[PDB]
**Student:** 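I am attaching a structure below and will ask some questions about it afterwards.
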Amino acid sequence: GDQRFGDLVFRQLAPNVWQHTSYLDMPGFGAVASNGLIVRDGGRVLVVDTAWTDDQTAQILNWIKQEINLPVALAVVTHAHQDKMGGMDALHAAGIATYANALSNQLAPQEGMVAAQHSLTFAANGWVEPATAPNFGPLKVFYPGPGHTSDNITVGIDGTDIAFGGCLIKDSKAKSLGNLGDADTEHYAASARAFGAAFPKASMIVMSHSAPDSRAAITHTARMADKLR
Ligand SMILES: C[C@H](CS)C(=O)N1CCC(C(N)=O)CC1
Ligand SMILES: [Zn+2]
Ligand SMILES: [Zn+2]
């Protein structure tokens, strides 16, 4: 099922949704997979997260050209770490409009990232302010609160059973919450549960560092974060 395309992997999740996977060596972790999404919305394509590097991100765009052959209207990136924003320059070189949490754009320079062109802001309840996410189509963007990072955001795909937790959510058999160096241990558990409650009918939970899982990924991630506070 999985399509190897250069050094990346692509997996169809639904008629209009694919997971992109790219890898980077991290001493002490091995070659770490990071997952994002590609969504076809009618005559255009929407991307969630870059790959780790510009070169890998250009390869995502090459795959889109070969397998979908429609323009990429925008990309939204889910926090200011390299696995999610490392390929911003490749998107900009391709003329793609890019979006991130305002706080991700604020943090990007100190994190070694290039900021997105546009900043999303969020209501007190976590839902994106709609005027900051124009033309997002089926992408429903939700800020669950600080957790994996202060800026992490999540995305549901209307018309599917899919919600993307990014690096906030780990799989239902995961053993650790991963990189906690920028995390908010006090609010993580609540933020994970807020993601689940924002997308209550999503039965396929996509995440950055594990293959797609059931909603038990949310309950398990929350149950592990419950131990952090
Ligand atoms: C660069 C990314 C940003 S989230 C990172 O810190 N990682 C990769 C995932 C790894 C894991 N197994 O969770 C933890 C270390
Ligand atoms: Zn991260
Ligand atoms: Zn990550």
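Just so you know, these numbers use all the heavy atoms, side chains as well, and skip hydrogens, waters and symmetry mates. Heads up: numbering here begins at 1 and tracks the sequence.
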**Student:** For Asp49, run the side-chain hydrogen bond (donor to acceptor under 3.5 Å, both in side chains) check against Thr78, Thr57, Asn35 and tell me which one passes.
**Tutor:** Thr78
**Student:** For the atom pair CH2 (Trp52) and CG (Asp25), what is the distance rounded to the nearest 0.5 Å?
**Tutor:** 9.5 Å
**Student:** When rounded to the nearest 0.5 angstrom, what is the spacing between NE2 in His79 and CE in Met85?
**Tutor:** 10.0 Å
**Student:** Which heavy atom of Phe199 sits nearest a heavy atom of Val155, and at what distance?
**Tutor:** CZ-C, 4.0 Å
**Student:** Would you check if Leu46 and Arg44 make a side-chain contact, meaning some heavy-atom pair closer than 4.5 Å?
**Tutor:** yes
**Student:** Would you confirm whether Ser172, through its side chain, and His220, through its main-chain N or O, come within 3.5 Å as a donor-acceptor pair?
**Tutor:** no
**Student:** Checking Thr53 against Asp55: is there a side-chain donor and acceptor pair closer than 3.5 Å?
**Tutor:** no
**Student:** Just wondering, do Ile205 and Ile169 contact through their side chains at under 4.5 Å, heavy atoms?
**Tutor:** yes
**Student:** Just verifying a value: how many Å separate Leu107 CG and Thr149 OG1, rounded to the nearest 0.5 Å?
**Tutor:** 8.0 Å
**Student:** Return the CZ to OG distance between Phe5 and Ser22, rounded to the nearest 0.5 Å.
**Tutor:** 13.5 Å
**Student:** What pair of heavy atoms forms the shortest contact from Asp7 to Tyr23, and how long is it?
**Tutor:** O-CD1, 3.7 Å
**Student:** What's the separation between atom OG1 in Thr21 and atom CD in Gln3, rounded to the nearest 0.5 Å?
**Tutor:** 11.5 Å
**Student:** Give a yes or no on whether the backbone of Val114 and the side-chain of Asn105 come within a donor-acceptor separation of less than 3.5 Å.
**Tutor:** no
**Student:** Would you say the side chain of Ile60 lies within less than 4.5 Å of the side chain of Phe10, judging by non-hydrogen atoms?
**Tutor:** yes
**Student:** Got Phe195 and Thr221 here, is their nearest side-chain heavy-atom distance under 4.5 Å?
**Tutor:** no
**Student:** Nearest 0.5 Å, please: how far is OH in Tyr143 from OG1 in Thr121?
**Tutor:** 12.5 Å
**Student:** Main chain of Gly6, side chain of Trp63: is a donor-acceptor contact present, judged purely on distance under 3.5 Å?
**Tutor:** no
**Student:** If the plane angle is over 60° it's perpendicular, under 30° parallel, otherwise tilted; pick one for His81 and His148.
**Tutor:** perpendicular
**Student:** What heavy-atom pair brings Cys167 and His209 nearest, and what distance separates the two atoms?
**Tutor:** SG-NE2, 3.5 Å
**Student:** Are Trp18 and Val39 side-chain neighbours, meaning at least one heavy-atom pair lies under 4.5 Å?
**Tutor:** no
